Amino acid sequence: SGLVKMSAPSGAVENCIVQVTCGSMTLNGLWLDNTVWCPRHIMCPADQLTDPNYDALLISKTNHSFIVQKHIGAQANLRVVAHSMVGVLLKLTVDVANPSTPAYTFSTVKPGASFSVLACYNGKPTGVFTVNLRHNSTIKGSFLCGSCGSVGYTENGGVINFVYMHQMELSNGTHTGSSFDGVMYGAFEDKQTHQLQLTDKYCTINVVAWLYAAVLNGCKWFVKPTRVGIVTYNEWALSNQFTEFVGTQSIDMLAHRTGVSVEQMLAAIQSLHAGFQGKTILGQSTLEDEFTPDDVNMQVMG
């Protein structure tokens, strides 16, 4: 029992981290097969980040403009033999295939989904943590200068699913990056110009999963016979900055296991959103919306 923020073991990803240097700019890259991915802003000189012309910057580079170094484990300098730009990423080709390339896929996560982050500095992994893609397609992480190229991923059935490459900080504790197709989450542009973040929302399905985890951890004071239908809740959600509830097998499994209906959990959300009134749930006095139903299922049974 117990519920904590759990990340996927990072070893298979640590074996793919490299350092990429272009001029005086150094950041992290991901080495899979003969490819090294890194943010394209490595090409910018430090005083020209406001509105870079990436097409003009790309043409000024040759394969020799990029230096790639594996800093952890068997240390090595990898020779860059080709380079192209894919959205907000650089796709470098190196002459050596990564011998520790794991079985992997590239996916783009949807808002409300969770993933693990391997924070890296100077091609060196330094920390692991989990985030949730917010309703406004940002993440609430912990990153400092030199963390770009840090990697977000999930793992299942021996396959690493690479979903994020860190790019920028939008505002205090708010971050964004791109998927490996080079598309920035939230369509933010890789330029240091003010861009508006859309309003965030509480992810209902994740709050429901968390209240089920609370019931499965002996915390059930908030469960009442009171029920609120999905369509009624969804109408209330549109006016109270909560996402629409859409049913899933994972939630049905928790509902069947606890004997508490989804409609009872939706009524509890409406009651708890008005206030906890001096009470806690799993040590918290605010609703937690970053555990998905699958994250909760993982920590209650196999």
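Throughout, we count residues from 1 along the sequence that is shown.
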> Of the two stretches 32-40 and 248-256, which shows the higher Cα B-factor on average in the entry?
Replying inline: 248-256
> In the PDB record, does 257-265 or 231-239 carry the higher mean Cα temperature factor?
Replying inline: 231-239
> From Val128, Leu211, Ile72, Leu89, which pick has the Cα B-factor that tops the rest in the entry?
Replying inline: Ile72
>> If I read the C-alpha B-factors straight from the PDB entry, which of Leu282, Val13, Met25, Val18 is highest?
In response: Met25
> C-alpha B factor of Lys110, ranked within the chain: lowest, middle or highest third?
Replying inline: middle
>> Per the entry's values, where does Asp181 land by CA temperature factor relative to the rest of its chain, in the lowest, middle or highest third?
In response: middle
>> Splitting the chain's C-alpha B-factors into thirds, which one does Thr154 fall into?
In response: lowest
>> For the chain shown, is the CA B-factor of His166 in the lowest, middle or highest third of its modelled residues?
In response: lowest
> Is the Cα B-factor recorded for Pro225 in the lowest, middle or highest third of its chain?
Replying inline: highest
